[PDB]
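K.L.:
Please find final-v1.cif (mmCIF, C-alpha atoms and all ligand atoms) on the next line:
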data_work
#
loop_
_atom_site.group_PDB
_atom_site.id
_atom_site.type_symbol
_atom_site.label_atom_id
_atom_site.label_comp_id
_atom_site.auth_asym_id
_atom_site.auth_seq_id
_atom_site.Cartn_x
_atom_site.Cartn_y
_atom_site.Cartn_z
ATOM 1 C CA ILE A 1 111.069 102.757 93.021
ATOM 2 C CA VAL A 2 114.732 102.502 92.139
ATOM 3 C CA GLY A 3 115.785 100.589 89.056
ATOM 4 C CA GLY A 4 112.224 99.940 87.915
ATOM 5 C CA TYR A 5 110.171 100.758 84.846
ATOM 6 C CA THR A 6 107.329 103.039 83.951
ATOM 7 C CA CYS A 7 104.298 100.881 84.543
ATOM 8 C CA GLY A 8 102.073 102.549 81.957
ATOM 9 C CA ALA A 9 98.959 104.533 82.816
ATOM 10 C CA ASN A 10 96.345 102.699 84.885
ATOM 11 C CA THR A 11 98.011 99.323 84.460
ATOM 12 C CA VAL A 12 98.032 98.823 88.206
ATOM 13 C CA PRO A 13 94.407 99.625 88.929
ATOM 14 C CA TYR A 14 94.476 98.870 92.626
ATOM 15 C CA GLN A 15 97.302 101.280 93.302
ATOM 16 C CA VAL A 16 96.271 104.391 95.165
ATOM 17 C CA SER A 17 97.994 107.606 96.167
ATOM 18 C CA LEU A 18 97.320 109.017 99.666
ATOM 19 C CA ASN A 19 97.304 112.812 99.458
ATOM 20 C CA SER A 20 97.351 115.407 102.281
ATOM 21 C CA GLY A 21 98.080 118.379 100.043
ATOM 22 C CA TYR A 22 100.771 116.288 98.379
ATOM 23 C CA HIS A 23 101.411 112.575 97.746
ATOM 24 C CA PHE A 24 102.876 111.042 100.892
ATOM 25 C CA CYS A 25 102.199 107.317 100.643
ATOM 26 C CA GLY A 26 100.846 104.514 98.614
ATOM 27 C CA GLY A 27 97.999 102.130 99.204
ATOM 28 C CA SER A 28 96.000 99.242 97.728
ATOM 29 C CA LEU A 29 92.316 99.257 97.047
ATOM 30 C CA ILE A 30 90.864 95.999 98.406
ATOM 31 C CA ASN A 31 87.180 96.805 97.925
ATOM 32 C CA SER A 32 85.043 99.719 96.795
ATOM 33 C CA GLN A 33 85.326 101.466 100.178
ATOM 34 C CA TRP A 34 88.580 100.295 101.755
ATOM 35 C CA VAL A 35 92.310 100.823 101.265
ATOM 36 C CA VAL A 36 95.170 98.957 102.878
ATOM 37 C CA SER A 37 98.365 100.868 103.568
ATOM 38 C CA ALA A 38 101.186 101.042 106.093
ATOM 39 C CA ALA A 39 100.594 102.080 109.689
ATOM 40 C CA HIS A 40 103.618 104.348 109.403
ATOM 41 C CA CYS A 41 101.588 106.185 106.774
ATOM 42 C CA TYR A 42 99.033 107.246 109.405
ATOM 43 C CA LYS A 43 98.035 110.874 109.471
ATOM 44 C CA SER A 44 94.872 112.943 109.590
ATOM 45 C CA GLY A 45 93.334 114.646 106.547
ATOM 46 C CA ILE A 46 93.912 111.935 103.982
ATOM 47 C CA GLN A 47 92.327 112.044 100.531
ATOM 48 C CA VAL A 48 92.516 108.814 98.617
ATOM 49 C CA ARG A 49 93.410 109.238 94.925
ATOM 50 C CA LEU A 50 92.432 106.389 92.659
ATOM 51 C CA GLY A 51 92.922 106.001 88.958
ATOM 52 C CA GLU A 52 96.211 107.903 89.022
ATOM 53 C CA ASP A 53 99.181 107.838 86.699
ATOM 54 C CA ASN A 54 100.747 111.264 86.670
ATOM 55 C CA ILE A 55 99.984 112.481 90.199
ATOM 56 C CA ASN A 56 100.581 116.105 89.202
ATOM 57 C CA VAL A 57 98.188 116.259 86.275
ATOM 58 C CA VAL A 58 94.491 115.524 86.022
ATOM 59 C CA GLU A 59 94.388 113.034 83.170
ATOM 60 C CA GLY A 60 90.741 111.966 83.322
ATOM 61 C CA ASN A 61 90.580 108.654 85.056
ATOM 62 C CA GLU A 62 90.976 109.758 88.699
ATOM 63 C CA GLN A 63 88.608 109.523 91.568
ATOM 64 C CA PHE A 64 89.428 111.673 94.584
ATOM 65 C CA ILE A 65 87.626 110.552 97.753
ATOM 66 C CA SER A 66 88.254 111.677 101.332
ATOM 67 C CA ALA A 67 88.922 109.166 104.055
ATOM 68 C CA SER A 68 86.206 108.883 106.692
ATOM 69 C CA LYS A 69 88.260 106.829 109.061
ATOM 70 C CA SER A 70 91.656 105.240 109.519
ATOM 71 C CA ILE A 71 92.316 102.154 111.587
ATOM 72 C CA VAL A 72 95.923 101.408 112.562
ATOM 73 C CA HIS A 73 96.609 97.832 113.583
ATOM 74 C CA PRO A 74 96.135 97.498 117.330
ATOM 75 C CA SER A 75 99.584 95.923 117.710
ATOM 76 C CA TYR A 76 101.606 98.301 115.555
ATOM 77 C CA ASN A 77 104.860 99.282 117.164
ATOM 78 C CA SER A 78 106.355 102.361 115.466
ATOM 79 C CA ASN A 79 109.790 101.566 116.814
ATOM 80 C CA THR A 80 110.165 98.040 115.428
ATOM 81 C CA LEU A 81 107.593 98.531 112.654
ATOM 82 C CA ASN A 82 106.076 95.224 113.674
ATOM 83 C CA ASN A 83 102.489 95.007 112.409
ATOM 84 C CA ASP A 84 102.959 97.855 109.891
ATOM 85 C CA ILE A 85 99.480 97.848 108.462
ATOM 86 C CA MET A 86 96.557 100.164 108.357
ATOM 87 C CA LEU A 87 93.040 100.316 106.894
ATOM 88 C CA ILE A 88 91.489 103.479 105.404
ATOM 89 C CA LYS A 89 87.766 103.722 104.728
ATOM 90 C CA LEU A 90 86.501 106.000 101.934
ATOM 91 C CA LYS A 91 83.717 108.488 102.560
ATOM 92 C CA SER A 92 82.023 107.121 99.479
ATOM 93 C CA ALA A 93 82.491 103.956 97.452
ATOM 94 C CA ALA A 94 84.803 104.168 94.457
ATOM 95 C CA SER A 95 83.291 103.395 91.076
ATOM 96 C CA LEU A 96 85.060 100.232 89.984
ATOM 97 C CA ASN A 97 86.162 99.818 86.421
ATOM 98 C CA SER A 98 89.083 98.510 84.361
ATOM 99 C CA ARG A 99 91.290 101.332 85.588
ATOM 100 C CA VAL A 100 90.105 101.375 89.187
ATOM 101 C CA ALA A 101 89.899 97.912 90.633
ATOM 102 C CA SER A 102 90.385 96.093 93.884
ATOM 103 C CA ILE A 103 93.128 93.548 94.547
ATOM 104 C CA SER A 104 92.379 90.232 96.166
ATOM 105 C CA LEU A 105 93.660 89.365 99.625
ATOM 106 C CA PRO A 106 95.760 86.242 99.912
ATOM 107 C CA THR A 107 94.336 82.857 100.784
ATOM 108 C CA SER A 108 97.816 81.651 101.560
ATOM 109 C CA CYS A 109 101.182 83.167 102.227
ATOM 110 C CA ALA A 110 103.553 83.434 99.271
ATOM 111 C CA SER A 111 106.852 81.615 99.353
ATOM 112 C CA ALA A 112 110.398 82.647 98.901
ATOM 113 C CA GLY A 113 111.158 82.791 95.219
ATOM 114 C CA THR A 114 107.718 83.928 94.219
ATOM 115 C CA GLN A 115 107.817 86.714 91.711
ATOM 116 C CA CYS A 116 105.850 89.901 92.624
ATOM 117 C CA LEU A 117 105.126 93.401 91.350
ATOM 118 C CA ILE A 118 106.008 96.390 93.512
ATOM 119 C CA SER A 119 104.790 99.802 92.561
ATOM 120 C CA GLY A 120 104.785 103.416 93.569
ATOM 121 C CA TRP A 121 105.615 107.074 93.155
ATOM 122 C CA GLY A 122 108.642 107.110 95.424
ATOM 123 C CA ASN A 123 112.206 108.232 94.873
ATOM 124 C CA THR A 124 113.971 106.711 91.865
ATOM 125 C CA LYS A 125 117.550 107.339 93.039
ATOM 126 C CA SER A 126 119.518 105.374 95.654
ATOM 127 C CA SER A 127 121.682 108.405 96.474
ATOM 128 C CA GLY A 128 120.089 111.366 94.932
ATOM 129 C CA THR A 129 116.498 112.438 95.095
ATOM 130 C CA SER A 130 114.257 112.416 92.063
ATOM 131 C CA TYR A 131 110.502 111.890 92.340
ATOM 132 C CA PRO A 132 108.717 110.626 89.284
ATOM 133 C CA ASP A 133 105.315 111.969 88.438
ATOM 134 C CA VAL A 134 104.131 108.710 86.819
ATOM 135 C CA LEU A 135 103.766 105.318 88.493
ATOM 136 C CA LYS A 136 106.884 103.165 88.527
ATOM 137 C CA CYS A 137 106.977 99.371 88.751
ATOM 138 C CA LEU A 138 109.444 96.719 89.806
ATOM 139 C CA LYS A 139 109.329 92.959 89.417
ATOM 140 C CA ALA A 140 111.050 91.321 92.383
ATOM 141 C CA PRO A 141 111.249 87.974 94.056
ATOM 142 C CA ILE A 142 110.424 87.258 97.659
ATOM 143 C CA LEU A 143 113.566 86.307 99.585
ATOM 144 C CA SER A 144 114.072 83.497 102.060
ATOM 145 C CA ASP A 145 113.461 84.207 105.710
ATOM 146 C CA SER A 146 117.038 83.161 106.427
ATOM 147 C CA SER A 147 118.533 85.577 103.953
ATOM 148 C CA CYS A 148 116.256 88.366 105.161
ATOM 149 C CA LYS A 149 117.195 87.721 108.789
ATOM 150 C CA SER A 150 120.822 87.656 107.764
ATOM 151 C CA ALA A 151 120.527 90.972 106.004
ATOM 152 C CA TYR A 152 118.929 92.629 109.025
ATOM 153 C CA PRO A 153 120.016 90.801 112.167
ATOM 154 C CA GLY A 154 117.577 91.192 115.101
ATOM 155 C CA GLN A 155 114.932 93.113 113.130
ATOM 156 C CA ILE A 156 112.820 90.667 111.077
ATOM 157 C CA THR A 157 109.663 89.501 112.742
ATOM 158 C CA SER A 158 107.172 86.849 111.662
ATOM 159 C CA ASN A 159 105.111 89.721 110.194
ATOM 160 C CA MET A 160 107.711 90.810 107.672
ATOM 161 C CA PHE A 161 109.419 89.583 104.543
ATOM 162 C CA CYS A 162 112.208 90.717 102.238
ATOM 163 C CA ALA A 163 111.823 91.100 98.530
ATOM 164 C CA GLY A 164 114.283 92.307 96.064
ATOM 165 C CA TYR A 165 117.900 91.717 95.179
ATOM 166 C CA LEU A 166 120.861 91.247 97.486
ATOM 167 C CA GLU A 167 123.086 92.724 94.783
ATOM 168 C CA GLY A 168 121.310 96.066 95.071
ATOM 169 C CA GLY A 169 120.172 98.459 92.372
ATOM 170 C CA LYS A 170 116.469 97.624 92.354
ATOM 171 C CA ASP A 171 114.268 98.378 95.337
ATOM 172 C CA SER A 172 111.312 100.307 96.724
ATOM 173 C CA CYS A 173 112.138 103.699 98.262
ATOM 174 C CA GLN A 174 110.927 106.798 100.099
ATOM 175 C CA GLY A 175 107.366 107.645 99.019
ATOM 176 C CA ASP A 176 106.637 104.050 98.028
ATOM 177 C CA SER A 177 105.673 103.434 101.632
ATOM 178 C CA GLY A 178 102.312 101.806 102.063
ATOM 179 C CA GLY A 179 102.218 100.575 98.495
ATOM 180 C CA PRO A 180 101.509 97.105 97.120
ATOM 181 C CA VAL A 181 103.516 93.971 96.567
ATOM 182 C CA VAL A 182 101.285 91.754 94.441
ATOM 183 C CA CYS A 183 102.183 88.198 93.561
ATOM 184 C CA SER A 184 100.057 86.050 91.281
ATOM 185 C CA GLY A 185 97.208 88.534 91.545
ATOM 186 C CA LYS A 186 97.168 88.707 95.335
ATOM 187 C CA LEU A 187 98.308 91.400 97.728
ATOM 188 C CA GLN A 188 101.103 89.779 99.703
ATOM 189 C CA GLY A 189 103.002 92.762 100.941
ATOM 190 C CA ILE A 190 102.996 96.414 101.885
ATOM 191 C CA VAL A 191 106.030 98.651 101.414
ATOM 192 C CA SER A 192 107.299 99.087 104.965
ATOM 193 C CA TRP A 193 111.004 99.687 105.574
ATOM 194 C CA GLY A 194 114.619 99.158 104.648
ATOM 195 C CA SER A 195 118.052 100.591 105.168
ATOM 196 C CA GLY A 196 118.332 103.152 102.390
ATOM 197 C CA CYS A 197 117.168 102.027 98.927
ATOM 198 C CA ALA A 198 118.757 99.561 96.563
ATOM 199 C CA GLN A 199 121.861 99.029 98.667
ATOM 200 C CA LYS A 200 123.771 95.830 98.460
ATOM 201 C CA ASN A 201 122.643 93.331 101.070
ATOM 202 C CA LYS A 202 119.782 95.596 102.210
ATOM 203 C CA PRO A 203 116.695 94.519 100.397
ATOM 204 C CA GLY A 204 113.349 96.060 101.069
ATOM 205 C CA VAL A 205 111.186 94.787 103.893
ATOM 206 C CA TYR A 206 107.506 94.288 103.580
ATOM 207 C CA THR A 207 104.585 93.720 105.840
ATOM 208 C CA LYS A 208 103.314 90.145 105.534
ATOM 209 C CA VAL A 209 99.681 90.644 104.539
ATOM 210 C CA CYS A 210 98.702 87.007 104.718
ATOM 211 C CA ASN A 211 99.002 87.262 108.490
ATOM 212 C CA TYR A 212 96.386 89.999 108.611
ATOM 213 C CA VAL A 213 93.543 88.667 106.486
ATOM 214 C CA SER A 214 91.314 87.742 109.407
ATOM 215 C CA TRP A 215 91.848 91.157 111.015
ATOM 216 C CA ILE A 216 91.153 92.928 107.759
ATOM 217 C CA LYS A 217 87.984 90.998 107.049
ATOM 218 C CA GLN A 218 86.605 91.328 110.531
ATOM 219 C CA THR A 219 87.455 94.968 110.705
ATOM 220 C CA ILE A 220 85.751 95.709 107.392
ATOM 221 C CA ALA A 221 82.717 93.739 108.419
ATOM 222 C CA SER A 222 82.180 95.962 111.461
ATOM 223 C CA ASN A 223 83.245 99.421 110.301
HETATM 224 N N1 LIG A 301 112.655 99.721 100.572
HETATM 225 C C1 LIG A 301 112.072 101.023 100.831
HETATM 226 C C2 LIG A 301 111.650 101.088 102.286
HETATM 227 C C3 LIG A 301 111.382 102.504 102.712
HETATM 228 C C4 LIG A 301 110.155 103.064 103.052
HETATM 229 N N2 LIG A 301 110.309 104.374 103.402
HETATM 230 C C5 LIG A 301 111.595 104.753 103.328
HETATM 231 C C6 LIG A 301 112.278 105.940 103.567
HETATM 232 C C7 LIG A 301 113.662 105.985 103.385
HETATM 233 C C8 LIG A 301 114.386 104.859 102.965
HETATM 234 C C9 LIG A 301 113.743 103.647 102.711
HETATM 235 C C10 LIG A 301 112.369 103.584 102.885
HETATM 236 CA CA CA A 302 96.557 112.435 87.713
#
Can you dump the structure from the file as structure tokens?

P.N.:
Amino acid sequence: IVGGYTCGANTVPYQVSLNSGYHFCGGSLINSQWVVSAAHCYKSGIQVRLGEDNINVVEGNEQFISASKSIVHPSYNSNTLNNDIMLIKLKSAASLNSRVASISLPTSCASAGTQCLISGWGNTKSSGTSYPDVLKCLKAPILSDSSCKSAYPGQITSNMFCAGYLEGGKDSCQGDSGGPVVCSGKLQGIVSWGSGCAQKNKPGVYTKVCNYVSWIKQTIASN
């Protein structure tokens, strides 16, 4: 997260870290046994890390649980990043508490101008590289479809939205991928793609979770 703030430990209880020997992606806990992330985050050998703040230190609130299965969306296209969503099932159910908690799925899609919280352990520089150990947060508005389409001609599908600032300086970034965009207590987005981080006129692009609720529910119900 570029231009954000330190969230504070365990203040974003649904935020998970996906670890394959190192943190590679974020995710959102949506029930005791399932995580939602980006399809571009797919790999084998994932351990889900819940209750994290400093990802490099064991601070006492973590649960580390291996993934038993991953389900990439059937229509994901890695080239266009259309349908950039994936479910991860835990080998065992997390123990839910104040510091490890699920986030509700949307009942309706959020509008342009809604204020959201974006979070992650990704790069904090738009040109350099610096990775934070503690969770970073950004408050950002959803942008109009028209402005998003204008920013990225020919690339924005019905399954994506922009959030952020056209002026630059505040954005999600590398390593934030798969992480949450929560608006009014609902998961509305997943960190998906952008052109660089925090560049003028290149806001971040997010998977539109509201479009996937039926798939997520049905998938969970049968897996
Ligand atoms: N807005 C951040 C989108 C993003 C995800 N992974 C990345 C890697 C490099 C640059 C941007 C990104
Ligand atoms: Ca830790």

K.L.:
Taking all atoms of ligand LIG 301 (chain A) that appear in the file, build a box with edges along x, y and z, extend it by 8 Å on every side, and state its centre and edge lengths in Å to one decimal, as lines of an AutoDock Vina configuration file.

P.N.:
center_x = 112.3
center_y = 102.9
center_z = 102.1
size_x = 20.2
size_y = 22.3
size_z = 19.0

K.L.:
Need the shell around stretch 84-90 of chain A: protein/DNA/RNA residues with any atom at most 7 Å away, counting all atoms listed in the file. Skip same-chain ones fewer than 3 positions apart. Format as a ChimeraX atom specification?

P.N.:
/A:33-40,65-73,76,81,93,192,207

K.L.:
Convert the current residue selection to file output with C-alpha atoms, as an mmCIF file, in the coordinates of the input.

P.N.:
data_model
loop_
_atom_site.group_PDB
_atom_site.id
_atom_site.type_symbol
_atom_site.label_atom_id
_atom_site.label_comp_id
_atom_site.auth_asym_id
_atom_site.auth_seq_id
_atom_site.Cartn_x
_atom_site.Cartn_y
_atom_site.Cartn_z
ATOM 1 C CA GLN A 33 85.326 101.466 100.178
ATOM 2 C CA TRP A 34 88.580 100.295 101.755
ATOM 3 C CA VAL A 35 92.310 100.823 101.265
ATOM 4 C CA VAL A 36 95.170 98.957 102.878
ATOM 5 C CA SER A 37 98.365 100.868 103.568
ATOM 6 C CA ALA A 38 101.186 101.042 106.093
ATOM 7 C CA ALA A 39 100.594 102.080 109.689
ATOM 8 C CA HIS A 40 103.618 104.348 109.403
ATOM 9 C CA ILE A 65 87.626 110.552 97.753
ATOM 10 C CA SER A 66 88.254 111.677 101.332
ATOM 11 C CA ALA A 67 88.922 109.166 104.055
ATOM 12 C CA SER A 68 86.206 108.883 106.692
ATOM 13 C CA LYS A 69 88.260 106.829 109.061
ATOM 14 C CA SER A 70 91.656 105.240 109.519
ATOM 15 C CA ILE A 71 92.316 102.154 111.587
ATOM 16 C CA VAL A 72 95.923 101.408 112.562
ATOM 17 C CA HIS A 73 96.609 97.832 113.583
ATOM 18 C CA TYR A 76 101.606 98.301 115.555
ATOM 19 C CA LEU A 81 107.593 98.531 112.654
ATOM 20 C CA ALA A 93 82.491 103.956 97.452
ATOM 21 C CA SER A 192 107.299 99.087 104.965
ATOM 22 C CA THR A 207 104.585 93.720 105.840
#

K.L.:
Using all atoms listed in the file, pick whichever of A:110, A:211, A:183, A:2 has the shortest atom-to-atom distance to ligand LIG 301 (chain A).

P.N.:
A:2

K.L.:
Would you please work out which residue, of A:129, A:174, A:98, A:184, is nearest to ligand LIG 301 (chain A) when using all atoms listed in the file?

P.N.:
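Comparing A:129, A:174, A:98, A:184 against ligand LIG 301 (chain A), the winner is A:174.
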
K.L.:
I need the residue nearest residue A:144 from this list: A:168, A:132, A:180, A:113. Use only C-alpha atoms for the distance.

P.N.:
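Ranked by minimum distance to residue A:144, first place goes to A:113.
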
K.L.:
Take atom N2 of ligand LIG 301 (chain A) and atom CA of residue A:193 and report the distance between them in Å, one decimal.

P.N.:
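Computing it gives 5.2 Å between the two atoms.
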
K.L.:
May I ask you to write as a ChimeraX atom specification all residues lying at most 7 Å from ligand CA 302 (chain A), with all atoms listed in the file counted?

P.N.:
/A:52-59,62

K.L.:
Using all atoms listed in the file, what table do you get, as a tab-separated table, when you list each residue of chain A with an atom no more than 7 Å from ligand LIG 301 (chain A), its nearest pair of atoms, and their distance in Å rounded to one decimal, rows by chain then rising number?

P.N.:
residue	atom	partner	partner_atom	distance
A:171	CA	A:LIG301	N1	5.6
A:172	CA	A:LIG301	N1	4.1
A:173	CA	A:LIG301	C1	3.7
A:174	CA	A:LIG301	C6	3.8
A:175	CA	A:LIG301	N2	6.2
A:176	CA	A:LIG301	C4	6.2
A:177	CA	A:LIG301	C4	4.7
A:191	CA	A:LIG301	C2	6.2
A:192	CA	A:LIG301	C4	5.3
A:193	CA	A:LIG301	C2	3.6
A:194	CA	A:LIG301	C2	4.3
A:195	CA	A:LIG301	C9	5.8
A:196	CA	A:LIG301	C8	4.3
A:197	CA	A:LIG301	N1	5.3
A:203	CA	A:LIG301	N1	6.6
A:204	CA	A:LIG301	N1	3.8
A:205	CA	A:LIG301	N1	6.1

K.L.:
Quick check on the file I pasted: which residues fall under the PyMOL selection byres (((chain A and resi 141) around 6) and not hetatm)? Write them as a list in words.

P.N.:
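With the PyMOL selection byres (((chain A and resi 141) around 6) and not hetatm) on this model, the match is residues 113, 114, 115, 116, 140, 142, 163 and 164 of chain A.
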
K.L.:
Using all atoms listed in the file, find the one residue out of A:117, A:166, A:100, A:187 that sits nearest to residue A:9.

P.N.:
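Looking at the shortest contact to residue A:9, the residue is A:100.
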
K.L.:
Taking only C-alpha atoms into account, which of A:121, A:165, A:42, A:206 comes nearest residue A:182?

P.N.:
A:206
